[PDB]
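Student: This structure is in structure tokens; I'll ask about it shortly.
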Amino acid sequence: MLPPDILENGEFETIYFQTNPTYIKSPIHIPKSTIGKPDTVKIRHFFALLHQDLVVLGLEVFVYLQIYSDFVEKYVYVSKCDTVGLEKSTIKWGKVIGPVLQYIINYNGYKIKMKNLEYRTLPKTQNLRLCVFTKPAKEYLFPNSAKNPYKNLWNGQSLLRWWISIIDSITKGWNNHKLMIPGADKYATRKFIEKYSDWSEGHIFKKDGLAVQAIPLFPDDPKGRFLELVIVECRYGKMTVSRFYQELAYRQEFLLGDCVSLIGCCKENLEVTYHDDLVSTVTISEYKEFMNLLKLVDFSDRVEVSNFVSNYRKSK
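Every number in this note's numbering is 2 more than the matching position in the sequence shown, counting from 1.
Here it is as structure tokens:
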């Protein structure tokens with residue numbers, strides 16, 4: 003999951019666990035007329051890097067498996083990524099996030115139970131979709147960490163350049179690499195990807211039809227927050243994909259934001275082999291319990307951070 007260069011024989015330690023694969027309703031609205039509706043299985047991935055007894059880096063990724071008869075539409079959604087900054091870093095965190103995210107993208111050892119009415123076998127043909135949004139918040143995962151002396155505080159453009167470099171390195175040979183900065187003109191968006199030959203402006207989802215039937219609603223996604231409003235306000239039967247992205251540029255999160263951008267990459271018709279890889283798997287409640295404890299930690303306080311790490315090491 004990580005190179006020996008990064009883990010110096012235990013000076014560093016990883017927290018990594020998945021939720022048990024859980025059936026959910028589709029994040030992309032399928033009609034009820036829809037013929038051949040897929041089953042959607044969601045897996046949460048949490049990764050954290052530890053240096054001695056302190057958290058230094060965190061990454062949360064959600065994997066959605068839209069299981070059809072002959073293939074899987076596999077969506078990999080980066081939920082949150084953050085650093086702590088209590089110590090002088092010494093490590094370029096892209097050299098950790100990259101390999102970890104690539105591991106999560108390519109993981110195919112899920113223990114999926116059969117749909118009711120022993121483990122379900124996934125189709126081998128899988129179409130990958132990697133979905134990332136960039137928005138320079140101060141503390142995505144680690145509260146009060148923006149106060150730390152060695153935390154790098156992104157601006158919108160530097161965070162986008164950082165994510166483009168990471169995603170490009172782990173999506174080599176993929177069918178497309180799409181970047182959209184809602185509200186920016188094409189020339190400004192093109193500047194970020196001028197040195198990336200495989201990247202183009204736009205998005206990866208279906209270009210026409212209703213937006214709710216093409217664009218997935220991910221949790222805590224600026225894109226998804228507008229999709230939520232379209233559904234609540236009952237505009238889901240009228241707003242096209244084109245009109246959605248047009249109006250997305252005028253949302254407060256984007257128009258008042260700092261280079262808030264949306265990245266998508268696809269790889270089509272990848273033959274995957276099932277390969278179990280024994281990792282820590284937890285119930286959803288145990289996952290949320292961990293995440294709720296992490297939200298109550300003062301990550302400006304080495305005492306509270308070391309205590310949180312100590313309590314997790316006890317629970318395994």
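Where is the CB? At the ideal position from N, CA and C, for every residue including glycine.
1) Is it the case that the stretch 214-224 contacts the stretch 69-81, given that we only count it when at least three CB pairs across the two stretches are under 8 Å?
2) Which same chain residues, not among the five before or five after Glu75, have their C-beta less than 6 Å away from its C-beta?
3) Along the chain, where does the alpha helix (DSSP H) containing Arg237 start, and where does it finish?
4) Look at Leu212 and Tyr252 and say whether their C-beta atoms are less than 9 Å apart.
5) Taking the alpha-carbon positions, what's the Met182 to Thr191 distance?
6) Less than 8 Å between the CB atoms is what I'm expecting for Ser91 and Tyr152, so what's the real figure, rounded?
7) With DSSP collapsed to three states, give me the class of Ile183.
8) Give every residue of the same chain whose Cβ lies closer than 8 Å to the Cβ of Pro33, excluding the five residues on either side of it in the sequence, and list them in chain order.
9) Along the beta strand (DSSP E) that carries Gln68, what are the first and last residues, could you check?
10) Tell me the residue span of the alpha helix (DSSP H) that contains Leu257.
11) How is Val274 classed by DSSP in three states: helix, strand or coil?
12) Are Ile45 and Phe73 touching if we call contact CB-CB under 9 Å?
13) For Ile265 and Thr136, which I take to be in contact (beta-carbon distance under 8 Å), what is that distance rounded to the nearest angstrom?
14) Going by beta-carbon coordinates alone, are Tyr109 and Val43 separated by less than 9 Å?
15) Sorted by chain position, which residues of the same chain lie with C-beta nearer than 8 Å to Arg304's C-beta, five sequence neighbours on each side aside?
16) Determine the direct distance from the alpha carbon of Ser167 to that of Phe310, and round the result to whole angstroms.
Tutor: In brief:
1) Segments in contact, yes.
2) What you label residue 75 is simply residue 73 of the sequence shown in a count that begins at 1. Closer than 6 Å at the Cβ level, and outside the excluded window around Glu75, lie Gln68, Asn129.
3) Counted from its first residue, the sequence shown places residue 237 at position 235. Per DSSP, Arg237 belongs to no alpha helix (DSSP H) and is neither H nor E.
4) Counting from 1 along the sequence shown, the entry for residue 212 is found at position 210. Counting from 1 along the sequence shown, the entry for residue 252 is found at position 250. Cβ distance not < 9 Å, so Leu212 and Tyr252 don't count as in contact.
5) Taking the first residue of the sequence shown as position 1, residue 182 is located at position 180. Taking the first residue of the sequence shown as position 1, residue 191 is located at position 189. Taking the straight line joining both Cα atoms gives about 7 Å.
6) Here residue 91 is taken as the residue at index 89 of the sequence shown, counted from 1. Here residue 152 is taken as the residue at index 150 of the sequence shown, counted from 1. Their Cβ separation, rounded to whole angstroms, is 6 Å, which keeps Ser91 and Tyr152 in contact under 8 Å.
7) Here residue 183 refers to the residue found at position 181 of the sequence shown. In this structure, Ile183 counts as coil in the three-state DSSP scheme.
8) In the sequence shown, residue 33 corresponds to position 31, counting from 1. Around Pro33: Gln215.
9) In the sequence shown, counting from the first residue as 1, residue 68 sits at position 66. Segment 56-69, the beta strand (DSSP E) holding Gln68.
10) Locating residue 257 in the sequence shown gives position 255, counting from the first residue. Looking at the DSSP string, the run of the alpha helix (DSSP H) that includes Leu257 is 254-257.
11) Looking up residue 274 in the sequence shown gives position 272. Three-state result, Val274: coil.
12) Locating residue 45 in the sequence shown gives position 43, counting from the first residue. Locating residue 73 in the sequence shown gives position 71, counting from the first residue. Cβ atoms of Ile45 and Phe73: not closer than 9 Å.
13) As a first step, residue 265 is located in the sequence shown; it is residue number 263 there, counting from the start. As a first step, residue 136 is located in the sequence shown; it is residue number 134 there, counting from the start. The pair is a contact, with the Cβ atoms about 7 Å apart (cut-off 8 Å).
14) As a position in the sequence shown, residue 109 is number 107, starting the count at 1. As a position in the sequence shown, residue 43 is number 41, starting the count at 1. Cβ distance not < 9 Å, so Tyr109 and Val43 don't count as in contact.
15) Counted from its first residue, the sequence shown places residue 304 at position 302. Within the same chain, and ignoring the five residues on either side of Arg304 in sequence, the residues whose Cβ sits closer than 8 Å to its Cβ are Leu56, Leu88.
16) The residue you call residue 310 lines up with position 308 of the sequence shown. The residue you call residue 167 lines up with position 165 of the sequence shown. A direct Cα-Cα distance of roughly 32 Å separates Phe310 from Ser167.
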